[PDB]
Amino acid sequence: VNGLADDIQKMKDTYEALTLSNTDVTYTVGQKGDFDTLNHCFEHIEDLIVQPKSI
Amino acid sequence: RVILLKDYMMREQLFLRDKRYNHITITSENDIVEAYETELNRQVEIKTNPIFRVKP
């Protein structure tokens with residue numbers, strides 16, 4: 001049952017990633033930021049399925 | 001308390017006139033709030049010994 005729930009959550013994530021196109025983003029790099037180092041932040045950006053309007 | 005999220009980019013002018021807003025506080029999740037090109041250019045002229053028009 002938890003596997004089914006995780007599949008549904010992955011589906012939520014995929015839909016949000018697809019619809020992310022027409023929004024804008026703001027990633028914060030630092031100790032308390034979203035990403036630990038700048039290398040992580042641009043590894044995550046390169047993995048985005050659809051590039052948002054303005055990162 | 002008005003909190004500006006980390007996604008907010010300032011692109012409009014906030015004009016308050018005759019509003020007793022003692023209590024309100026404006027805070028941002030970010031340290032700096034950037035200000036981009038405002039959509040509508042509203043300028044206020046200051047009538048003083050040197051006349052200078054400002055867009056705040």
# chains A, B, ... in the order shown; residues from 1 in each chain; ligands from 1
>>> interface_residues(of="chain A", to="chain B", cutoff="12 Å", atoms="only C-alpha atoms", output="compact mmCIF listing (two decimals) with N, CA, C and O atoms, in the first residue's frame")
# COMPACT_ATOMS: atom_id res chain seq x y z
N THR A 23 5.88 29.52 -14.40
CA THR A 23 6.12 30.15 -13.11
C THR A 23 7.55 30.61 -13.05
O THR A 23 8.30 30.42 -14.00
N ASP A 24 7.95 31.21 -11.95
CA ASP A 24 9.33 31.64 -11.77
C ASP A 24 9.86 31.02 -10.50
O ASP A 24 9.08 30.60 -9.66
N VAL A 25 11.18 30.95 -10.35
CA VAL A 25 11.73 30.26 -9.18
C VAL A 25 12.77 31.09 -8.46
O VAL A 25 13.16 32.14 -8.94
N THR A 26 13.21 30.65 -7.28
CA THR A 26 14.27 31.35 -6.56
C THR A 26 14.98 30.40 -5.63
O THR A 26 14.54 30.18 -4.51
N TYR A 27 16.08 29.82 -6.07
CA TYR A 27 16.86 28.87 -5.30
C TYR A 27 17.91 29.61 -4.48
O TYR A 27 18.61 30.47 -5.00
N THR A 28 18.00 29.28 -3.20
CA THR A 28 18.94 29.91 -2.29
C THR A 28 20.05 28.93 -1.95
O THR A 28 19.77 27.82 -1.48
N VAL A 29 21.29 29.34 -2.17
CA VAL A 29 22.47 28.52 -1.89
C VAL A 29 23.10 29.03 -0.61
O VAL A 29 23.30 30.24 -0.44
N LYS A 32 21.80 27.43 5.19
CA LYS A 32 20.38 27.28 5.47
C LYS A 32 19.52 27.35 4.22
O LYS A 32 18.29 27.42 4.32
N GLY A 33 20.13 27.34 3.04
CA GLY A 33 19.39 27.47 1.80
C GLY A 33 18.82 26.16 1.30
O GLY A 33 18.94 25.11 1.93
N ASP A 34 18.19 26.24 0.13
CA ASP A 34 17.60 25.05 -0.47
C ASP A 34 18.68 24.04 -0.85
O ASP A 34 18.50 22.83 -0.65
N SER A 54 11.66 31.75 -15.44
CA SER A 54 12.85 32.49 -15.04
C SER A 54 13.33 31.98 -13.70
O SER A 54 12.67 32.20 -12.68
N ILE A 55 14.49 31.33 -13.69
CA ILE A 55 15.13 30.88 -12.45
C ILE A 55 16.00 32.02 -11.95
O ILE A 55 16.55 32.79 -12.73
>>> residues_around(residues="residue 52 of chain A", least_positions_apart="6", cutoff="10 Å", atoms="only C-alpha atoms", output="list in words")
residues 17, 18, 19, 20, 21, 22, 23, 24, 25 and 45 of chain A
>>> residues_around(residues="residue 4 of chain B", least_positions_apart="3", cutoff="12 Å", atoms="only C-alpha atoms", output="PDB file with C-alpha atoms, in the first residue's frame")
ATOM      1  CA  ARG B   1       2.420  41.139   9.160  1.00  0.00           C
ATOM      2  CA  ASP B   7       9.535  34.072  -5.139  1.00  0.00           C
ATOM      3  CA  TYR B   8       8.398  37.701  -5.064  1.00  0.00           C
ATOM      4  CA  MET B   9      10.062  40.191  -7.409  1.00  0.00           C
ATOM      5  CA  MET B  10       8.910  43.782  -6.997  1.00  0.00           C
ATOM      6  CA  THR B  25       4.933  45.387   9.331  1.00  0.00           C
ATOM      7  CA  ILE B  26       6.402  44.266   6.007  1.00  0.00           C
ATOM      8  CA  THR B  27       8.887  41.395   6.202  1.00  0.00           C
ATOM      9  CA  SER B  28      10.598  39.237   3.592  1.00  0.00           C
ATOM     10  CA  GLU B  29      11.844  35.664   3.750  1.00  0.00           C
ATOM     11  CA  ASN B  30      14.858  36.983   1.842  1.00  0.00           C
ATOM     12  CA  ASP B  31      17.360  39.517   3.125  1.00  0.00           C
ATOM     13  CA  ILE B  32      17.028  41.677  -0.008  1.00  0.00           C
ATOM     14  CA  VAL B  33      13.931  42.412  -2.090  1.00  0.00           C
ATOM     15  CA  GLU B  34      14.883  43.162  -5.682  1.00  0.00           C
TER      16      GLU B  34
END
>>> residues_around(residues="residue 16 of chain B", least_positions_apart="4", cutoff="12 Å", atoms="only C-alpha atoms", output="MDAnalysis selection string")
chainID B and resid 20:21 56
>>> atom_distance(atom1="atom CA of residue 39 of chain B", atom2="atom CA of residue 15 of chain B")
14.1 Å
>>> atom_distance(atom1="atom CA of residue 36 of chain A", atom2="atom CA of residue 11 of chain A")
26.6 Å
>>> select_by_dssp(residues="chain A", states="strand (DSSP E or B)", output="PDB file with N, CA and C atoms, in the first residue's frame")
ATOM      1  N   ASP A  24       7.951  31.214 -11.945  1.00  0.00           N
ATOM      2  CA  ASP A  24       9.327  31.645 -11.772  1.00  0.00           C
ATOM      3  C   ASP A  24       9.863  31.025 -10.504  1.00  0.00           C
ATOM      4  N   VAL A  29      21.292  29.340  -2.170  1.00  0.00           N
ATOM      5  CA  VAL A  29      22.465  28.523  -1.888  1.00  0.00           C
ATOM      6  C   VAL A  29      23.103  29.030  -0.606  1.00  0.00           C
ATOM      7  N   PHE A  35      19.794  24.509  -1.399  1.00  0.00           N
ATOM      8  CA  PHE A  35      20.879  23.640  -1.825  1.00  0.00           C
ATOM      9  C   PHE A  35      22.148  23.982  -1.061  1.00  0.00           C
ATOM     10  N   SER A  54      11.657  31.748 -15.436  1.00  0.00           N
ATOM     11  CA  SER A  54      12.849  32.493 -15.041  1.00  0.00           C
ATOM     12  C   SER A  54      13.335  31.982 -13.697  1.00  0.00           C
TER      13      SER A  54
END
>>> select_by_dssp(residues="chain A", states="helix (DSSP H, G or I)", output="short mmCIF file (atom, residue, chain, number, x, y, z; two decimals) with N, CA and C atoms, in the first residue's frame")
data_model
loop_
_atom_site.label_atom_id
_atom_site.label_comp_id
_atom_site.auth_asym_id
_atom_site.auth_seq_id
_atom_site.Cartn_x
_atom_site.Cartn_y
_atom_site.Cartn_z
N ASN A 2 1.96 1.24 0.77
CA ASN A 2 2.86 2.38 0.77
C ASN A 2 3.51 2.57 -0.59
N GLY A 3 3.80 1.47 -1.29
CA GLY A 3 4.32 1.59 -2.65
C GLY A 3 3.33 2.26 -3.59
N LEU A 4 2.06 1.89 -3.48
CA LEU A 4 1.04 2.56 -4.29
C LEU A 4 0.96 4.05 -3.96
N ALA A 5 1.01 4.39 -2.68
CA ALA A 5 0.98 5.79 -2.28
C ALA A 5 2.18 6.55 -2.84
N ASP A 6 3.36 5.92 -2.82
CA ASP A 6 4.55 6.56 -3.37
C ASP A 6 4.43 6.75 -4.87
N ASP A 7 3.82 5.80 -5.57
CA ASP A 7 3.60 5.99 -7.00
C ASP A 7 2.69 7.18 -7.26
N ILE A 8 1.62 7.32 -6.47
CA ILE A 8 0.73 8.46 -6.64
C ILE A 8 1.47 9.77 -6.35
N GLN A 9 2.33 9.77 -5.33
CA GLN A 9 3.09 10.98 -5.03
C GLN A 9 4.06 11.32 -6.16
N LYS A 10 4.71 10.31 -6.74
CA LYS A 10 5.57 10.55 -7.89
C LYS A 10 4.78 11.14 -9.04
N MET A 11 3.53 10.71 -9.20
CA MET A 11 2.67 11.29 -10.23
C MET A 11 2.38 12.76 -9.95
N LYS A 12 2.11 13.09 -8.68
CA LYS A 12 1.96 14.50 -8.31
C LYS A 12 3.20 15.29 -8.70
N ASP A 13 4.38 14.76 -8.38
CA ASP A 13 5.62 15.47 -8.66
C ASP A 13 5.82 15.66 -10.16
N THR A 14 5.51 14.64 -10.96
CA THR A 14 5.65 14.76 -12.40
C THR A 14 4.72 15.83 -12.96
N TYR A 15 3.47 15.86 -12.48
CA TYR A 15 2.55 16.88 -12.98
C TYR A 15 3.02 18.28 -12.60
N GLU A 16 3.50 18.46 -11.37
CA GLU A 16 4.00 19.77 -10.98
C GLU A 16 5.21 20.17 -11.81
N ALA A 17 6.11 19.23 -12.08
CA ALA A 17 7.28 19.53 -12.90
C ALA A 17 6.87 19.94 -14.30
N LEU A 18 5.88 19.26 -14.88
CA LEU A 18 5.40 19.65 -16.20
C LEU A 18 4.77 21.03 -16.19
N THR A 19 3.97 21.34 -15.17
CA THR A 19 3.27 22.62 -15.16
C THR A 19 4.16 23.77 -14.70
N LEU A 20 5.36 23.48 -14.22
CA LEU A 20 6.28 24.50 -13.72
C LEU A 20 6.70 25.52 -14.78
N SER A 21 6.32 25.32 -16.05
CA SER A 21 6.87 26.13 -17.13
C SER A 21 6.55 27.61 -16.96
N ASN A 22 5.32 27.94 -16.59
CA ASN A 22 4.86 29.32 -16.60
C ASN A 22 4.99 30.02 -15.25
N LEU A 38 26.66 25.48 -4.80
CA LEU A 38 26.23 25.90 -6.13
C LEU A 38 26.23 24.74 -7.11
N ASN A 39 27.13 23.77 -6.91
CA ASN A 39 27.19 22.63 -7.81
C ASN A 39 25.92 21.79 -7.71
N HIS A 40 25.38 21.64 -6.50
CA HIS A 40 24.12 20.93 -6.33
C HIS A 40 22.97 21.65 -7.03
N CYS A 41 22.93 22.98 -6.90
CA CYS A 41 21.79 23.74 -7.42
C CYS A 41 21.69 23.62 -8.93
N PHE A 42 22.82 23.67 -9.64
CA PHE A 42 22.79 23.54 -11.09
C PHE A 42 22.78 22.10 -11.55
N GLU A 43 23.01 21.14 -10.65
CA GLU A 43 22.72 19.75 -10.97
C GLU A 43 21.22 19.49 -10.93
N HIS A 44 20.52 20.16 -10.01
CA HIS A 44 19.07 20.04 -9.95
C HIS A 44 18.40 20.74 -11.12
N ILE A 45 18.91 21.91 -11.50
CA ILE A 45 18.32 22.66 -12.61
C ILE A 45 18.47 21.89 -13.91
N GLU A 46 19.63 21.28 -14.13
CA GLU A 46 19.85 20.52 -15.36
C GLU A 46 18.93 19.31 -15.44
#
>>> atom_distance(atom1="atom CA of residue 55 of chain B", atom2="atom CA of residue 13 of chain B")
8.8 Å
>>> decode(residues="segment 9-49 of chain B", atoms="N, CA and C atoms", output="compact mmCIF listing (two decimals), in the first residue's frame")
# COMPACT_ATOMS: atom_id res chain seq x y z
N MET B 9 9.22 39.17 -6.80
CA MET B 9 10.06 40.19 -7.41
C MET B 9 9.23 41.45 -7.59
N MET B 10 9.70 42.56 -7.01
CA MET B 10 8.91 43.78 -7.00
C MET B 10 8.84 44.38 -8.40
N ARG B 11 7.62 44.56 -8.91
CA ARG B 11 7.41 45.12 -10.24
C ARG B 11 6.27 46.13 -10.26
N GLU B 12 5.87 46.65 -9.10
CA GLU B 12 4.80 47.62 -9.02
C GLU B 12 5.07 48.56 -7.86
N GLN B 13 4.43 49.73 -7.90
CA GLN B 13 4.63 50.76 -6.89
C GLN B 13 3.49 50.73 -5.89
N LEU B 14 3.83 50.81 -4.61
CA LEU B 14 2.86 50.82 -3.53
C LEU B 14 2.67 52.25 -3.06
N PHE B 15 1.47 52.80 -3.28
CA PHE B 15 1.15 54.17 -2.93
C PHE B 15 0.12 54.18 -1.82
N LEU B 16 0.53 54.66 -0.64
CA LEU B 16 -0.36 54.82 0.50
C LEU B 16 -0.56 56.30 0.75
N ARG B 17 -1.81 56.72 0.90
CA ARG B 17 -2.12 58.11 1.21
C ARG B 17 -3.20 58.15 2.28
N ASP B 18 -2.92 58.86 3.37
CA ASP B 18 -3.87 59.04 4.48
C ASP B 18 -4.34 57.69 5.04
N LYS B 19 -3.39 56.80 5.29
CA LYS B 19 -3.65 55.50 5.89
C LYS B 19 -2.85 55.39 7.18
N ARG B 20 -3.56 55.26 8.31
CA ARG B 20 -2.92 55.16 9.62
C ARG B 20 -2.51 53.71 9.88
N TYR B 21 -1.45 53.30 9.19
CA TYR B 21 -0.95 51.93 9.30
C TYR B 21 0.21 51.85 10.29
N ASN B 22 -0.08 52.16 11.55
CA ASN B 22 0.93 52.02 12.59
C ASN B 22 1.33 50.56 12.76
N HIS B 23 0.35 49.66 12.78
CA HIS B 23 0.59 48.29 13.21
C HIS B 23 1.27 47.44 12.14
N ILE B 24 0.95 47.66 10.86
CA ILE B 24 1.43 46.75 9.82
C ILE B 24 2.94 46.76 9.76
N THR B 25 3.51 45.57 9.53
CA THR B 25 4.93 45.39 9.33
C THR B 25 5.12 44.56 8.07
N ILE B 26 6.11 44.94 7.26
CA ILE B 26 6.40 44.27 6.01
C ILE B 26 7.73 43.55 6.16
N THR B 27 7.71 42.23 6.01
CA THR B 27 8.89 41.39 6.20
C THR B 27 9.05 40.49 4.99
N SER B 28 10.29 40.10 4.72
CA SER B 28 10.60 39.24 3.59
C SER B 28 11.35 38.01 4.08
N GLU B 29 11.07 36.86 3.46
CA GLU B 29 11.84 35.66 3.75
C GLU B 29 13.28 35.82 3.28
N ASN B 30 13.51 36.69 2.31
CA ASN B 30 14.86 36.98 1.84
C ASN B 30 15.40 38.23 2.53
N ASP B 31 16.73 38.34 2.54
CA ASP B 31 17.36 39.52 3.13
C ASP B 31 17.15 40.75 2.25
N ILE B 32 17.15 40.57 0.93
CA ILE B 32 17.03 41.68 -0.01
C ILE B 32 15.83 41.43 -0.91
N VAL B 33 15.05 42.47 -1.16
CA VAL B 33 13.93 42.41 -2.09
C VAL B 33 14.31 43.20 -3.33
N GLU B 34 14.48 42.51 -4.45
CA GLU B 34 14.88 43.16 -5.68
C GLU B 34 13.72 43.93 -6.29
N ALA B 35 14.05 44.95 -7.07
CA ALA B 35 13.06 45.83 -7.68
C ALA B 35 13.33 45.90 -9.18
N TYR B 36 12.45 45.29 -9.97
CA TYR B 36 12.60 45.24 -11.41
C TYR B 36 11.79 46.35 -12.06
N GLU B 37 11.67 46.31 -13.38
CA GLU B 37 10.97 47.35 -14.11
C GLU B 37 9.50 47.39 -13.73
N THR B 38 9.07 48.51 -13.17
CA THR B 38 7.67 48.67 -12.78
C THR B 38 6.79 48.72 -14.01
N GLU B 39 5.62 48.08 -13.93
CA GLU B 39 4.74 48.00 -15.09
C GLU B 39 4.18 49.37 -15.46
N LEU B 40 3.74 50.14 -14.47
CA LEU B 40 3.09 51.42 -14.70
C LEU B 40 3.89 52.51 -14.00
N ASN B 41 4.37 53.48 -14.77
CA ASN B 41 5.23 54.54 -14.26
C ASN B 41 4.36 55.66 -13.70
N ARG B 42 4.18 55.66 -12.38
CA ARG B 42 3.46 56.72 -11.69
C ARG B 42 4.47 57.59 -10.97
N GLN B 43 4.53 58.86 -11.34
CA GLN B 43 5.50 59.81 -10.80
C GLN B 43 4.79 60.84 -9.95
N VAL B 44 5.43 61.26 -8.86
CA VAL B 44 4.92 62.29 -7.98
C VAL B 44 5.86 63.48 -8.04
N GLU B 45 5.30 64.66 -8.29
CA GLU B 45 6.07 65.89 -8.39
C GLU B 45 6.10 66.58 -7.04
N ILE B 46 7.29 66.96 -6.60
CA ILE B 46 7.48 67.64 -5.32
C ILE B 46 7.58 69.13 -5.58
N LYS B 47 6.68 69.90 -4.99
CA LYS B 47 6.63 71.35 -5.19
C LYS B 47 7.43 72.00 -4.07
N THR B 48 8.69 72.29 -4.36
CA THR B 48 9.67 72.74 -3.38
C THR B 48 10.56 73.75 -4.10
N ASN B 49 11.47 74.42 -3.38
CA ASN B 49 12.29 75.45 -4.01
C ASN B 49 13.02 74.89 -5.23
